[PDB]
Amino acid sequence: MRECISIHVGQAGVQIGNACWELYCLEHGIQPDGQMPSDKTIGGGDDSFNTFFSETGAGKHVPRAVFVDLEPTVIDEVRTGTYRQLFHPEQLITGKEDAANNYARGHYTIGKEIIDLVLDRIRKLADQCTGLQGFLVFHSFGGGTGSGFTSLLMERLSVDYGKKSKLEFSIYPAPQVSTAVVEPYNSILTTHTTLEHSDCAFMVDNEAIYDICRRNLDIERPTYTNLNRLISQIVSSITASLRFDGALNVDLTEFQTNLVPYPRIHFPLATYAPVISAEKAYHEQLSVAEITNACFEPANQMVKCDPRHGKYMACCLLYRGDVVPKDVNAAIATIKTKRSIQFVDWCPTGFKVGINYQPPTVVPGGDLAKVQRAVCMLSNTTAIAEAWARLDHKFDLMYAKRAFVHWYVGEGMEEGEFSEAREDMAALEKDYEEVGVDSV
Amino acid sequence: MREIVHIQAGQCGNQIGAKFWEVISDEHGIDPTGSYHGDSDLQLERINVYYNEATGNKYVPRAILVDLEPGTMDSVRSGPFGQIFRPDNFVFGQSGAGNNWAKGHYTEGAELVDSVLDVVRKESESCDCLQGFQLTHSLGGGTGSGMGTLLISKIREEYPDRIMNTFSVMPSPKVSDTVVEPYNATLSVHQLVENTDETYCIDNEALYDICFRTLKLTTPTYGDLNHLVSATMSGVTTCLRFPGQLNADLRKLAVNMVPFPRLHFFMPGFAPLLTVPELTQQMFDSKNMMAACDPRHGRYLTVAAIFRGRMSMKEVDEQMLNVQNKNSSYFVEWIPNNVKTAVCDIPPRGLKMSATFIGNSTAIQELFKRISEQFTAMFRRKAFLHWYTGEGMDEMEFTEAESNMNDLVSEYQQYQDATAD
Amino acid sequence: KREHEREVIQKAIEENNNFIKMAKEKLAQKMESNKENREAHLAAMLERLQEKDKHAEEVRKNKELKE
Ligand SMILES: COc1cc2cc(c1Cl)N(C)C(=O)C[C@H](OC(=O)[C@@H](C)N(C)C(=O)CCSSC)[C@@]1(C)O[C@H]1[C@H](C)[C@@H]1C[C@@](O)(NC(=O)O1)[C@H](OC)/C=C/C=C(\C)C2
Ligand SMILES: Nc1nc2c(ncn2[C@@H]2O[C@H](COP(=O)(O)OP(=O)(O)OP(=O)(O)O)[C@@H](O)[C@H]2O)c(=O)[nH]1
Ligand SMILES: Nc1nc2c(ncn2[C@@H]2O[C@H](COP(=O)(O)OP(=O)(O)OP(=O)(O)O)[C@@H](O)[C@H]2O)c(=O)[nH]1
Ligand SMILES: [Ca+2]
Ligand SMILES: [Mg+2]
Ligand SMILES: [Mg+2]
C-alpha cells in the first residue's frame, strides 16, 4: 500500500505532469495504453510501483493522479496525446475560463466554481487506497491557477484529510519565461496561504533550469519541453524511493525527518547530476565521486542561491544506478575536506544516503544523455531564503505604489491580505536567519 | 473557446474595421465566401476567437457594423469581404450626426442603440465563453465618438464582468479640417477613461507624419493611413488569434499592461515602415509610434512587443535585453520586468519579418495635452457650443470632461516622477 | 502512566481536530468576505452606470423643454 496521489494544477503542473508520468512509464516498462507485460499480478498488487499506479482488471496501470486547470487547452492535449489511454476521463478536469494570472480569480472567483468537483474526483482516488500516505501537488507560483487554486485546494485538503502529508513541487518564477508582471504578487500570496498546509515543498527556479539547459545541454533557447524533461528527472529521483524497492533504498519520509527541523522550515534545496549531452557523455564515464562533487556546484541547483554563504541543517544524497556505499563514503570524505560545507551547531553533520539500483532513464528524442548512475542531493540550507528575498524585493517595489493591486481588489480581495502575506514572508526570512545563529 | 465580439461604429470605425477583417481573413486563410483554403492548421487553432462556424464549414466574422447613416453600409457590403459579414448584423439609421457628439450619445444614437444591443445580445448568447468586446471608431466625429461611447456604457451594464477594448482614432487638423473635433474627443475621453479596460491610441497626427515624412507620400489618402492601422491592428491581435503564451486574451493583456485602471491608454508602434537588431531599435523609435508622442519624454509603465517571422529567438531575447539596459531610465524601476516579448512563426502579408509595439508610456500625455490645448481654445469662446446645448446638454458636462482629462494627464505625470525610494 | 498515555493521544486528536476546525472556519470566513467585496464592487459599478441613464433622461427631457 502506501499510495501517493499526484495533483497537477495549472499549465505548469499539467505539462510537468506529462513529463513525469511519461518518464514513470518508461522506468516501469508501462506502455502508452497502460499495459505492463512484466506485471504478472493482474488486476492488482502490492508492488512498489503500485504506490503511483492503480490496476484495472483489464491489465491497465492507471496513474493515481488528477489534472486540474481552469482552462481546457492544455489538458485537451493530454486528452488527445500519446498517453491519452493512460488516464480515465474523470482524472482530467477542466473549466472554461482561466484565472488570467490573478491569484484572486484562481482562489475565489473562478476557483470556487470547480473546487467541489475536484475534491470529489480526488476522493474517488483516495477511496481506492488501502493506506494513503499523502499528496504530491505540482503547480507554479506565477500563474493565477497555480497560485490561487492551489492554495484553495491545499486548505480544503487539510480539512478533508487532516494531517495527511502534502508535498509540493513549486515552479519559482523566472523572467526568461515569465508570463505576467504580477507573478511576484501571486508568489507571495500562495506561499503565505499554503505554508501552514504544506509539510514539504521542493522549489524549482525556472532560471536555474534555464541556465542548466543553456550551459550543460547547449540549448540556445530552452522551451518548456526542455525544462520539463529536466525537471521530471529530479522529480523521478525524489520519488524513486517510493516507486522502487531495494536493500539500500531509503524511503522519502526518512529523508523528510532530517530535512524539516521546524514546520515552517520545509524547503529543501535540490541539486541534480549529471546533466550532460550525448555528445559529451560519449567515451566519458562520470564516476560516483564526480557526480557527488557536482552536487556542491551551485550551477547544478534547482534554485539560484549560494549555500557556501549559508549554513546546512541537513544533507541527503539520493543515488540511483550503478552505485555502492564504498564509493559513496570515499567521495563524501574527499568533499568534506575541500568544500565550503558548514552545519549549524545544533545538528549533526552526517550525510544521509539512499541508493536505488534502478539506473536512470531518458525519454526518446531527449537532450539528456543516458548515464549509468545519477544523484540528487536534498539539502536544508539557510541559503534558500535568498529565493524568498528576491521575490519579496520585487513584491515591495510594486506594492509601494499599489501597482496592479486593483485587479485583485476588483475580484474581492483586500489590501490587508497583501500586507498580511508579506509580513509572513518577512517572518519566514527572519526564521531562516534565526536558525543559522549559533546557540547560546 | 474564447470569443471576442467585434463592433465598428461610424465611418472611420467601419473603414479600419473592414480592413482589419480583410487582413486577418487572409492570414487565417479564408475567402470572402467564408470558406477555408489554407495550408497550416495553426490558422484554425483559434479561429473561433473572431469567427462563427456555420453550416458547410462557413466562417462568419463575429462582427457588428453600426452607423447613423446607411451610406457606409453599402460600402462594406460592396467592398471586398462584404459577402462574408452577417446581413442581420448590419444596423443602420437614417440620420447622420454631422460631427455633433450630443446627437450620437444622447439623441440619435440613443434611439438606434437598442437595436444594436439586440445584435450584441444574440452574438454574445452563442459564445462558449465570451471574453469581451473590441470597438473600432474615431473620437473626432459624432456617431463613432458619441454613440460609440454610449454603446460601451450600455454593453458594460449587461456585461460588466467582461473586458472592454477600443481602437480609438484621435483627431488631427492635418487630416480633418473639421473644427469641432477637439470637443468630441475630450467628451469621448471623459467616457473612455471610465468605461474601458484598454485603449489603443491610434493618432491621425502620427499616421499622417509617417505617411508623409517616412513613406514619402504627400497628400496621403485615408487608404494610406489605414494601411498602417491594419498592420498595427493585425499585430496587436496576433497574440489573440494564434496559439501563444504571452497576452493570449484580453484580460491577461490588461493585467500585464494596466497597473492603474485609469491609465489604460496605450501608444502602439510598428516596424518596418532586415535583421533582428534593426527591428528592435526601430519599434522603440518615436518615428514608428502610431501616437504622436516621444517615449523619451516620459517613462514606460509597461510594454508588450510581438516579433513575427522566422528568426532566432536567442537574438530577439538578447536585443530586447539590450534596449532595456541602454534605455533603463525610460522604464519605471518600481515595476520589475515590465517588458514582455512574444514570437509568432507566421509573418504578415508581404513582410518576411516584422515587429509590433504596445507601450503604456507616461509620454501619452503629450497627446492628451494637444487635444486639451485645442479644446480650451474653442471652449473659451464657447465656439459652436450652442450646437451641443441645443441637444439638451449642459456647460458642466464640458467642464467635467475637461477637468477629468486634466486629471488623467497629471496622474500620468505623478507616476512618471515616482521613484523606488 | 496509563492515565498519561491517554492524555497524550487525546491531546493529539484534540490538536488535529482544532487545526481542521480553524482551517474550515478561516476558509469559510474568507470566501464569505470575498463574496461581499466583489459584489459590492460590481454593485457600485452598476450604480454609476444607472446614474448615466438617469442623466441621459434628464438631457433628453431638457431638450424638449426648450422648444
Ligand atoms: C462660423 O464659421 C463656420 C461656419 C460653418 C462651419 C464651420 C465654421 Cl468654422 N466649420 C468648419 C465647422 O467645423 C463647424 C462645425 O460643423 C462641422 O463640423 C462641419 C464641417 N460639418 C457639420 C460637416 O458635416 C462637414 C461638411 S457637410 S457633408 C454633407 C460645428 C463647428 O461644430 C459643428 C456642429 C456640432 C455641427 C454643425 C451642424 O452640422 N449640425 C450639427 O449637428 O452640428 C450643421 O449641419 C446641419 C453644419 C453646418 C456648418 C456651419 C455652421 C457653417
Ligand atoms: N517549468 C515550467 N514552467 C512553466 C510551464 N508552463 C508555465 N510555466 C510557468 O508558470 C508561470 C505562470 O503560471 P501558469 O501555469 O502558466 O498559469 P496557470 O497555472 O495556468 O494559471 P492561469 O493564469 O489561470 O492561466 C510562468 O512564470 C511560467 O514560467 C512549464 O511547462 N514548465
Ligand atoms: N485614420 C482614419 N481616420 C478617419 C477615417 N475616416 C474618418 N477619419 C477621421 O474621423 C474624424 C471624424 O469622425 P468620423 O468617423 O468621420 O465621423 P462619423 O463616425 O462618420 O460620424 P459623423 O459625425 O456622423 O460624421 C476625422 O477627424 C477624420 O480624420 C479613415 O478612414 N481613416
Ligand atoms: Ca500487479
Ligand atoms: Mg493557464
Ligand atoms: Mg459619418
# chains A, B, ... in the order shown; residues from 1 in each chain; ligands from 1
call {"tool": "residues_around", "arguments": {"residues": "stretch 38-45 of chain C", "least_positions_apart": "6", "cutoff": "7 Å", "atoms": "only C-alpha atoms", "output": "ChimeraX atom specification"}}
result
/A:410-412
call {"tool": "write_last_selection", "arguments": {"atoms": "C-alpha atoms", "output": "PDB file, in the first residue's frame"}}
result
ATOM      1  CA  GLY A 410     -11.844  44.035  -8.012  1.00  0.00           C
ATOM      2  CA  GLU A 411     -12.122  40.278  -7.521  1.00  0.00           C
ATOM      3  CA  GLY A 412     -12.940  40.713  -3.830  1.00  0.00           C
TER       4      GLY A 412
END
call {"tool": "interface_residues", "arguments": {"of": "chain C", "to": "chain B", "cutoff": "7 Å", "atoms": "only C-alpha atoms", "output": "ChimeraX atom specification"}}
result
/C:46,49,56,59-60,62-63
call {"tool": "write_last_selection", "arguments": {"atoms": "C-alpha atoms", "output": "mmCIF file, in the first residue's frame"}}
result
data_model
loop_
_atom_site.group_PDB
_atom_site.id
_atom_site.type_symbol
_atom_site.label_atom_id
_atom_site.label_comp_id
_atom_site.auth_asym_id
_atom_site.auth_seq_id
_atom_site.Cartn_x
_atom_site.Cartn_y
_atom_site.Cartn_z
ATOM 1 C CA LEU C 46 -23.737 49.414 -11.987
ATOM 2 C CA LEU C 49 -23.973 53.383 -14.894
ATOM 3 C CA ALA C 56 -29.444 60.895 -20.175
ATOM 4 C CA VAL C 59 -30.719 65.582 -21.059
ATOM 5 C CA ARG C 60 -33.427 64.357 -23.438
ATOM 6 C CA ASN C 62 -34.133 69.144 -21.049
ATOM 7 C CA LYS C 63 -34.117 69.267 -24.855
#
call {"tool": "select_by_dssp", "arguments": {"residues": "stretch 134-303 of chain A", "states": "strand (DSSP E)", "output": "list in words"}}
result
residues 134, 135, 136, 137, 138, 139, 140, 165, 166, 167, 168, 169, 170, 171, 172, 200, 201, 202, 203, 204, 205, 269, 270, 271, 272 and 273 of chain A
call {"tool": "closest_residue", "arguments": {"among": "A:426, A:23, A:180, A:125", "to": "ligand 2", "atoms": "only C-alpha atoms and all ligand atoms"}}
result
A:180
call {"tool": "residues_near_ligand", "arguments": {"ligand": "ligand 2", "cutoff": "6 Å", "atoms": "only C-alpha atoms and all ligand atoms", "output": "list in words"}}
result
residues 10, 11, 12, 15, 16, 98, 99, 100, 101, 140, 142, 143, 144, 145, 146, 173, 177, 178, 179, 206, 224, 227 and 228 of chain A
call {"tool": "interface_residues", "arguments": {"of": "chain A", "to": "chain B", "cutoff": "9 Å", "atoms": "only C-alpha atoms", "output": "ChimeraX atom specification"}}
result
/A:72-73,96-97,99-102,175-176,178-182,220-221,394-407
call {"tool": "residues_around", "arguments": {"residues": "stretch 338-353 of chain A", "least_positions_apart": "4", "cutoff": "6 Å", "atoms": "only C-alpha atoms", "output": "list in words"}}
result
residues 308, 311, 312, 313, 315, 316, 317 and 436 of chain A
call {"tool": "select_by_dssp", "arguments": {"residues": "stretch 172-365 of chain B", "states": "helix (DSSP H, G or I)", "output": "MDAnalysis selection string"}}
result
chainID B and resid 181:195 204:214 222:236 238:241 250:257 276:283 286:288 295:297 313:326 328:330 362:365
call {"tool": "write_last_selection", "arguments": {"atoms": "C-alpha atoms", "output": "mmCIF file, in the first residue's frame"}}
result
data_model
loop_
_atom_site.group_PDB
_atom_site.id
_atom_site.type_symbol
_atom_site.label_atom_id
_atom_site.label_comp_id
_atom_site.auth_asym_id
_atom_site.auth_seq_id
_atom_site.Cartn_x
_atom_site.Cartn_y
_atom_site.Cartn_z
ATOM 1 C CA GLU B 181 -13.357 67.727 -33.294
ATOM 2 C CA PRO B 182 -11.446 68.645 -30.114
ATOM 3 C CA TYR B 183 -14.846 68.729 -28.359
ATOM 4 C CA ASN B 184 -15.922 65.260 -29.457
ATOM 5 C CA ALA B 185 -12.520 63.876 -28.483
ATOM 6 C CA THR B 186 -12.485 65.365 -24.978
ATOM 7 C CA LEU B 187 -16.078 64.275 -24.380
ATOM 8 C CA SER B 188 -15.128 60.808 -25.629
ATOM 9 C CA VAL B 189 -12.003 60.629 -23.457
ATOM 10 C CA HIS B 190 -14.208 61.556 -20.494
ATOM 11 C CA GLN B 191 -16.020 58.272 -21.138
ATOM 12 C CA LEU B 192 -13.161 56.013 -22.237
ATOM 13 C CA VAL B 193 -11.176 56.698 -19.067
ATOM 14 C CA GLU B 194 -14.102 55.376 -17.005
ATOM 15 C CA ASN B 195 -15.626 52.523 -19.019
ATOM 16 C CA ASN B 204 -4.028 60.577 -37.199
ATOM 17 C CA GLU B 205 -1.365 63.178 -36.432
ATOM 18 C CA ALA B 206 1.119 60.319 -36.155
ATOM 19 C CA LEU B 207 -0.336 58.364 -39.080
ATOM 20 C CA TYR B 208 -0.044 61.478 -41.245
ATOM 21 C CA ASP B 209 3.565 62.203 -40.284
ATOM 22 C CA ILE B 210 4.561 58.604 -41.018
ATOM 23 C CA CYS B 211 2.992 58.540 -44.487
ATOM 24 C CA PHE B 212 4.371 61.990 -45.279
ATOM 25 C CA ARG B 213 7.893 62.033 -43.827
ATOM 26 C CA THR B 214 8.822 58.332 -43.744
ATOM 27 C CA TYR B 222 -7.193 57.508 -45.860
ATOM 28 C CA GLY B 223 -6.166 54.328 -47.661
ATOM 29 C CA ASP B 224 -2.551 55.162 -46.848
ATOM 30 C CA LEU B 225 -3.298 55.828 -43.180
ATOM 31 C CA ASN B 226 -5.352 52.651 -42.813
ATOM 32 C CA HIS B 227 -2.556 50.529 -44.278
ATOM 33 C CA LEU B 228 -0.684 51.456 -41.101
ATOM 34 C CA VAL B 229 -3.713 50.867 -38.878
ATOM 35 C CA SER B 230 -4.448 47.495 -40.476
ATOM 36 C CA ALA B 231 -0.817 46.471 -39.996
ATOM 37 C CA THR B 232 -0.954 47.695 -36.396
ATOM 38 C CA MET B 233 -4.279 46.062 -35.545
ATOM 39 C CA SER B 234 -3.097 42.796 -37.097
ATOM 40 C CA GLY B 235 -0.017 42.885 -34.883
ATOM 41 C CA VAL B 236 -1.606 43.727 -31.538
ATOM 42 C CA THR B 238 -1.644 38.256 -33.162
ATOM 43 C CA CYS B 239 -1.360 37.009 -29.586
ATOM 44 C CA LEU B 240 -5.153 36.669 -29.526
ATOM 45 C CA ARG B 241 -5.542 34.949 -32.897
ATOM 46 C CA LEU B 250 -7.969 40.488 -23.497
ATOM 47 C CA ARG B 251 -7.910 40.043 -19.718
ATOM 48 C CA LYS B 252 -4.358 38.704 -19.370
ATOM 49 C CA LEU B 253 -3.226 41.563 -21.604
ATOM 50 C CA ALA B 254 -4.900 44.160 -19.388
ATOM 51 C CA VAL B 255 -3.457 42.553 -16.251
ATOM 52 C CA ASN B 256 0.065 42.878 -17.666
ATOM 53 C CA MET B 257 -0.412 46.312 -19.250
ATOM 54 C CA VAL B 276 16.626 41.423 -35.502
ATOM 55 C CA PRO B 277 18.678 44.303 -34.044
ATOM 56 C CA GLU B 278 17.307 46.640 -36.725
ATOM 57 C CA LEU B 279 13.667 45.818 -35.962
ATOM 58 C CA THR B 280 14.145 46.252 -32.221
ATOM 59 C CA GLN B 281 15.690 49.724 -32.473
ATOM 60 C CA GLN B 282 13.013 50.913 -34.908
ATOM 61 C CA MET B 283 9.984 49.817 -32.878
ATOM 62 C CA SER B 286 9.462 57.778 -31.876
ATOM 63 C CA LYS B 287 9.147 57.804 -35.670
ATOM 64 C CA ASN B 288 7.437 54.402 -35.575
ATOM 65 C CA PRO B 295 8.622 57.972 -25.391
ATOM 66 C CA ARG B 296 11.853 59.632 -24.243
ATOM 67 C CA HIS B 297 9.749 62.476 -22.838
ATOM 68 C CA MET B 313 14.622 33.544 -30.508
ATOM 69 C CA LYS B 314 18.090 33.846 -28.973
ATOM 70 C CA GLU B 315 18.845 37.025 -30.910
ATOM 71 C CA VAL B 316 15.461 38.566 -30.085
ATOM 72 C CA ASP B 317 15.892 37.883 -26.363
ATOM 73 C CA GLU B 318 19.378 39.411 -26.396
ATOM 74 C CA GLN B 319 18.287 42.573 -28.215
ATOM 75 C CA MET B 320 15.211 43.093 -26.035
ATOM 76 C CA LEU B 321 17.520 42.866 -23.023
ATOM 77 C CA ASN B 322 19.964 45.226 -24.715
ATOM 78 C CA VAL B 323 17.425 48.013 -25.264
ATOM 79 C CA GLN B 324 16.187 47.891 -21.667
ATOM 80 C CA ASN B 325 19.762 48.309 -20.425
ATOM 81 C CA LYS B 326 20.688 51.130 -22.809
ATOM 82 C CA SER B 328 16.831 51.832 -18.476
ATOM 83 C CA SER B 329 15.889 55.369 -17.429
ATOM 84 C CA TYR B 330 12.742 55.205 -19.578
ATOM 85 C CA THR B 362 3.527 58.347 -19.410
ATOM 86 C CA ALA B 363 4.501 60.291 -22.534
ATOM 87 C CA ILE B 364 0.973 59.611 -23.803
ATOM 88 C CA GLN B 365 0.055 62.844 -22.018
#
call {"tool": "residues_near_ligand", "arguments": {"ligand": "ligand 6", "cutoff": "8 Å", "atoms": "only C-alpha atoms and all ligand atoms", "output": "PyMOL selection string"}}
result
chain B and resi 10-12+67-69+72+96-99+141-143
call {"tool": "write_last_selection", "arguments": {"atoms": "N, CA and C atoms", "output": "CSV table (one decimal), in the first residue's frame"}}
result
chain,number,residue,atom,x,y,z
B,10,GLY,N,-19.5,54.2,-36.9
B,10,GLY,CA,-19.1,55.4,-37.6
B,10,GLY,C,-18.4,55.1,-38.9
B,11,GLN,N,-18.1,56.1,-39.6
B,11,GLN,CA,-17.3,56.0,-40.9
B,11,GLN,C,-16.0,55.4,-40.6
B,12,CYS,N,-15.2,56.1,-39.9
B,12,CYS,CA,-13.8,55.7,-39.6
B,12,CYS,C,-13.7,54.3,-39.0
B,67,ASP,N,-23.7,52.4,-37.9
B,67,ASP,CA,-23.5,53.8,-38.3
B,67,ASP,C,-24.9,54.5,-38.4
B,68,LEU,N,-24.9,55.8,-38.2
B,68,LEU,CA,-26.1,56.6,-38.2
B,68,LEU,C,-26.5,57.1,-39.6
B,69,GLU,N,-25.8,56.5,-40.6
B,69,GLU,CA,-26.2,56.8,-42.0
B,69,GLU,C,-25.9,55.6,-42.8
B,72,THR,N,-22.3,54.3,-45.6
B,72,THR,CA,-21.1,53.4,-45.4
B,72,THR,C,-21.5,51.9,-45.4
B,96,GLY,N,-27.5,60.7,-39.6
B,96,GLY,CA,-26.2,61.4,-39.9
B,96,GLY,C,-25.9,62.5,-38.8
B,97,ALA,N,-24.9,62.3,-38.0
B,97,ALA,CA,-24.7,63.1,-36.8
B,97,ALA,C,-24.1,64.5,-37.2
B,98,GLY,N,-23.3,64.5,-38.2
B,98,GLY,CA,-22.6,65.8,-38.6
B,98,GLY,C,-21.7,66.3,-37.6
B,99,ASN,N,-20.8,65.4,-37.1
B,99,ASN,CA,-19.8,65.8,-36.1
B,99,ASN,C,-20.3,66.5,-34.9
B,141,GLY,N,-15.5,62.6,-34.7
B,141,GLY,CA,-16.8,62.6,-35.4
B,141,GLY,C,-17.9,62.8,-34.4
B,142,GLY,N,-19.1,62.3,-34.8
B,142,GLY,CA,-20.2,62.4,-33.9
B,142,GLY,C,-20.8,61.1,-33.5
B,143,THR,N,-20.9,60.2,-34.5
B,143,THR,CA,-21.5,58.9,-34.3
B,143,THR,C,-20.5,58.0,-33.6
call {"tool": "residues_around", "arguments": {"residues": "residue A:298", "least_positions_apart": "2", "cutoff": "12 Å", "atoms": "only C-alpha atoms", "output": "ChimeraX atom specification"}}
result
/A:208-209,211-212,269-273,293-296,300-309,339-340,377,383-384
call {"tool": "write_last_selection", "arguments": {"atoms": "C-alpha atoms", "output": "mmCIF file, in the first residue's frame"}}
result
data_model
loop_
_atom_site.group_PDB
_atom_site.id
_atom_site.type_symbol
_atom_site.label_atom_id
_atom_site.label_comp_id
_atom_site.auth_asym_id
_atom_site.auth_seq_id
_atom_site.Cartn_x
_atom_site.Cartn_y
_atom_site.Cartn_z
ATOM 1 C CA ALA A 208 18.171 27.751 -12.673
ATOM 2 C CA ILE A 209 16.715 25.140 -15.019
ATOM 3 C CA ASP A 211 20.718 28.161 -17.240
ATOM 4 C CA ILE A 212 21.429 24.436 -16.890
ATOM 5 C CA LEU A 269 17.405 22.668 -1.939
ATOM 6 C CA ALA A 270 17.628 20.166 -4.796
ATOM 7 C CA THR A 271 20.828 19.590 -6.773
ATOM 8 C CA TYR A 272 20.988 17.042 -9.587
ATOM 9 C CA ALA A 273 23.846 15.455 -11.518
ATOM 10 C CA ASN A 293 31.131 16.585 -6.129
ATOM 11 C CA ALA A 294 28.836 18.130 -8.737
ATOM 12 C CA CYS A 295 26.098 18.344 -6.090
ATOM 13 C CA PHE A 296 28.157 21.105 -4.452
ATOM 14 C CA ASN A 300 23.613 22.466 -10.692
ATOM 15 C CA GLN A 301 20.972 23.581 -8.180
ATOM 16 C CA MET A 302 17.220 23.715 -8.825
ATOM 17 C CA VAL A 303 17.243 27.098 -7.074
ATOM 18 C CA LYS A 304 19.618 30.019 -7.590
ATOM 19 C CA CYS A 305 21.394 30.578 -4.277
ATOM 20 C CA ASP A 306 24.793 30.275 -2.582
ATOM 21 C CA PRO A 307 24.978 27.553 0.111
ATOM 22 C CA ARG A 308 28.645 28.449 0.621
ATOM 23 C CA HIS A 309 27.416 31.699 2.193
ATOM 24 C CA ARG A 339 34.258 22.224 0.122
ATOM 25 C CA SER A 340 32.666 25.122 1.992
ATOM 26 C CA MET A 377 21.134 15.975 -3.276
ATOM 27 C CA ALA A 383 20.769 29.991 1.587
ATOM 28 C CA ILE A 384 17.405 29.082 0.050
#
call {"tool": "atom_distance", "arguments": {"atom1": "atom CA of residue B:80", "atom2": "atom CA of residue B:133"}}
result
23.8 Å
call {"tool": "residues_near_ligand", "arguments": {"ligand": "ligand 1", "cutoff": "7 Å", "atoms": "only C-alpha atoms and all ligand atoms", "output": "list in words"}}
result
residues 97, 98, 99, 100, 177, 178, 179, 180, 384, 387 and 388 of chain B
call {"tool": "closest_residue", "arguments": {"among": "A:223, A:38, A:439, A:94", "to": "ligand 5", "atoms": "only C-alpha atoms and all ligand atoms"}}
result
A:94
call {"tool": "interface_residues", "arguments": {"of": "chain C", "to": "chain A", "cutoff": "12 Å", "atoms": "only C-alpha atoms", "output": "PyMOL selection string"}}
result
chain C and resi 12-28+30-45
call {"tool": "closest_residue", "arguments": {"among": "A:33, A:433, A:69, A:120", "to": "ligand 5", "atoms": "only C-alpha atoms and all ligand atoms"}}
result
A:69
call {"tool": "residues_around", "arguments": {"residues": "residue A:283", "least_positions_apart": "5", "cutoff": "12 Å", "atoms": "only C-alpha atoms", "output": "PyMOL selection string"}}
result
chain A and resi 277-278+369+371
